[PDB]
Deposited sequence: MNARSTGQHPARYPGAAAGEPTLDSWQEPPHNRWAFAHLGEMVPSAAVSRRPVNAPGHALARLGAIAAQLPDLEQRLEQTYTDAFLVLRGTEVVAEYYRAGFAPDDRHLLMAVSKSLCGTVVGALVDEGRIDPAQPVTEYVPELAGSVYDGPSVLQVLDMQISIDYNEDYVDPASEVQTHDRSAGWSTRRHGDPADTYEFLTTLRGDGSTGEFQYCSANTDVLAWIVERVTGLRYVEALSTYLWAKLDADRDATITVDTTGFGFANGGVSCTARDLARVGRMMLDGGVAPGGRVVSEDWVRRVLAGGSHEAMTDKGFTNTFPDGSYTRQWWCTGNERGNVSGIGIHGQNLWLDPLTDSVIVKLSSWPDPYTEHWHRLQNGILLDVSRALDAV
């Protein structure tokens, strides 16, 4: 058992509706107004081809920028200096207002929601995960603190070989609906999390997407809100965003917090703007000044043993769902596979959003090229 979860709608029974019951009362009143949450759906455009390149200023300092963006399978690119959009790029076929999957940049959004609840005193990072989700007792999450989940400093037996269906990575996707279910798979994401085990050691960084879903579960238990709603209430609805964001949901309606959010590049930049504004957004304060300060400060360097990150950023670290480069510019970034970045450049009070679709989830090759672009663009914003 995974305990109480926020009902899909007011008064809904646990796990209702399902793909086989949404047309039945009393579920249909809700389902008829949110069918996309139950059945894959396509947009029928209200609007009746070519790449849009408006790199403005930085174009002079980076003459071959568009080509570099093409080489890194860039779909959407936007630079926000202060409150102004100073550079934009959208591939042919991708409109400026189209939404794009954020992959793990979604994690930084989840950490932000947790941060908001910490400010309210609803979540104490020093407390064990089980203080909020007792059902995780007996799992790898029995013992570690919420902060250790936030900083991903929990050793977990997590097979990362996607080529193997038995791997935890593939199983995580199947449990959430990102891939076709197989006989024996956990019923939902909550159940999947309870099956995770580890040797009990903590303190060393281990990137694991399951950690973020545990954070979302904690958010639900402390607020009583579906993660989908909590993400809106504590973050999205305060950004004065142009469009709603979307998030994939599993069979119980639980949002895939670790990587299922989609939004426009301009709106994602509003999240960065909030971080560079001490945690304040147009609709109100999202997180405390202290939380933002802690994110920019970075996590323990000693815990960061991922050579894939430290080879590029020797003094890098990770904290509260954000990757911290530890470079001379103090760059911090939300990162997602296939080339997604919500890059913060505090020195120039700028935010760089790059949403892409590399053929591979991750290779040193793509990261070298991607980071080269983000760093060059950041430097191009320096006063001269």
| Missing CA stretches, deposited numbering from 1, N-terminus first | 1 to 4, 53 to 56
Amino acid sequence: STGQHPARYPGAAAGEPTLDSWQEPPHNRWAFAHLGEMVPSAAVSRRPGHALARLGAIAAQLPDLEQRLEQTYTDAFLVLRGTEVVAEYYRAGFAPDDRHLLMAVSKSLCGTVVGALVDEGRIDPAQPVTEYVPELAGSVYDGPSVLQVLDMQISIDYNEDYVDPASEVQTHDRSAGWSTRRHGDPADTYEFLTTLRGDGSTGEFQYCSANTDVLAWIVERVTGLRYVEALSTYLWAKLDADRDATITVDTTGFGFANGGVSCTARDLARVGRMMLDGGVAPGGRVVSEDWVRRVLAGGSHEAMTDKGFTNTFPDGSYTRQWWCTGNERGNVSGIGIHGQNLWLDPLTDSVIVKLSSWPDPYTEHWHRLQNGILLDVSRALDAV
From here on, numbers count along this sequence of modelled residues.
| message | On mean Cα temperature factor in this entry, is 124 to 132 or 144 to 152 the higher one? | response | 124 to 132
| field | Per the entry, higher mean C-alpha B factor between 333 to 341 and 311 to 319 | value | 311 to 319
| For the listed residues 112, 211, 170, 232, which one has the largest C-alpha B-factor as given in the deposited model? | 170
| Residue with highest C-alpha B-factor in the PDB entry, from 252, 300, 106, 159 | 159
| note | Binned into thirds over the chain's modelled residues, the C-alpha B-factor of residue 34 lands in the middle
| Mind checking which third residue 248 falls in for C-alpha B-factor across the chain? | lowest
| Of the three thirds of its chain by CA temperature factor, lowest, middle or highest, which one includes residue 94? | highest
| said: Sorting by Cα B-factor within the chain, modelled residues only, which third would residue 164 end up in: lowest, middle or highest? | reply: highest
| message | Sorting by Cα B-factor within the chain, modelled residues only, which third would residue 279 end up in: lowest, middle or highest? | response | middle
